[PDB]
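Working notes, structure below.
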Amino acid sequence: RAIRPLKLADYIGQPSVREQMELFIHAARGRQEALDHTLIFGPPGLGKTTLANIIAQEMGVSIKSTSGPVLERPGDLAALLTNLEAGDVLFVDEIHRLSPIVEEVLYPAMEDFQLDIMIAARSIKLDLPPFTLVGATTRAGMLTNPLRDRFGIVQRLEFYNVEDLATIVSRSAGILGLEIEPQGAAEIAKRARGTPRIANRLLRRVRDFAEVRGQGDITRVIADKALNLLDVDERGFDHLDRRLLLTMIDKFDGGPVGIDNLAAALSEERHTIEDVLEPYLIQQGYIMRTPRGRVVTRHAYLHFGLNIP
DNA sequence: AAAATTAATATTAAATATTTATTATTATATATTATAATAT
């Protein structure tokens, strides 16, 4: 029972990007040709395979959702391409982790749909039917320059707009059956943390709060009562984050810090911090990073009235 | 003297197919080495 819009117009969250890719879909449909290669990158976990399946039903063809471990050997991908047909498409994931032998096999596969292979050297030339190679990675920066320059469509995925996050909150609460408020929708959009999954988790938890504290009612006051104590903040801070900030600023006064020293002093190993708490705050930019220590920026000083050295 | 020939004549005995320590050689994090700026 996962959250999934049925259609591309039904897909809501990136309206300009949705219109762009709808234009690409109608370009594939009208031209009666396989759609160009689409590069996809952005958030790591977003259910991209399901969206590729939706694109498959929009094309009406089959897309083999494949990844790096699936296509780590060139033989497996060659076999899948041989079972691929005209007008079909192949979802590819973890292209960055894939071996360069895969890259050289996929050079002629998209280069006008051919295949060249060596056998005292003898050359064997093979052909491939036209198709839509789909390349989606968590990060596209590791893609090699000739390969990415030879591609066609490049599409970016990102967390939704705050008003559009609020609309997604409203739709998911209607799916979940929660009697949510537009003020509460904007509240959870401010709490969306850039992640739809943790957003839906917050909808579930405020639904539980409205069930056990209110009379099944989600309002702005109910949402504030649910999300203004413990690891919460209107911007996205936690009391873990506030503790980290306070412990950095009382010790080193916004100066260079030792990461092992921080892990020892906080009674909290630095690994989880740099895995969840630090990357979000640096995603907001609020911590500036040095090779001699992580320091918060002027935003955190303005949060607590602190000076600037 | 000095090497080649041959008839007795005592002598010797037939074990393969498998198997496990005993050597090769192939990754994989992880406690090392390292640099850069930085106060004092």
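Numbers in chain A come straight from Swiss-Prot, and the residues shown are 22-140, 145-334, in order.
We read in the header that electron microscopy, 7.0 Å was used to get this structure.
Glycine is treated like the rest: Cβ placed from N, Cα and C.
Counting only same-chain residues at least 6 apart in sequence, those with a Cβ under 8 Å from the Cβ of A:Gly66 (ATP binding site) are A:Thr220, A:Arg222. Annotated ATP binding site per Swiss-Prot: A:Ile24, A:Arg25, A:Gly66, A:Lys69, A:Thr70, A:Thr71, A:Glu132, A:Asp133, A:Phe134, A:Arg175, A:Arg222, in sequence order, evidence recorded as sequence analysis.
According to DSSP, A:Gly68 (ADP binding site) is assigned to coil rather than to any helix or strand. Sequence-distant contacts of A:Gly68 (ADP binding site), defined as residues of its own chain at least six apart whose C-beta falls under 8 angstroms from its C-beta, comprise A:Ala23, A:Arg25. According to Swiss-Prot, the feature ADP binding site maps to A:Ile33, A:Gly66, A:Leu67, A:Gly68, A:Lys69, A:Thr70, A:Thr71, A:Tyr185.
According to Swiss-Prot, the feature Mg(2+) binding site maps to A:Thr70, an assignment based on sequence analysis. A:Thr70 (ATP binding site) is surrounded by 15 other CB atoms, counting those within 10 A of its CB over all protein chains shown.
As annotated by Swiss-Prot, region 'Small ATPAse domain (RuvB-S)' applies to A:186-256.
For A:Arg319 (DNA binding site), the number of other Cβ atoms no farther than 10 Å from its own Cβ, over all displayed protein chains, is 20. Annotation comment: Swiss-Prot describes A:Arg295, A:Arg314, A:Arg319 as DNA binding site, evidence class sequence analysis.
When the Cα atoms are compared, A:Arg314 (DNA binding site) and A:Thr71 (ADP binding site) turn out to be 36 Å apart. Spatially, by CA atoms, the binding-site residues A:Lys69, A:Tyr185, A:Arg295 include one closest to A:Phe134 (ATP binding site), and that is A:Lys69.
The closest partner of A:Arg295 (DNA binding site) among the binding-site residues, by CA position, is A:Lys69; the full candidate set was A:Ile24, A:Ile33, A:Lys69, A:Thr70, A:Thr71. Helix first, then strand, then coil: DSSP counts for the region 'Small ATPAse domain (RuvB-S)' (A:186-256) stand at 48 helix, 0 strand, 23 coil.
Comparing local CB density within 10 A for the binding-site residues A:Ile33, A:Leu67, the maximum falls on A:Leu67.
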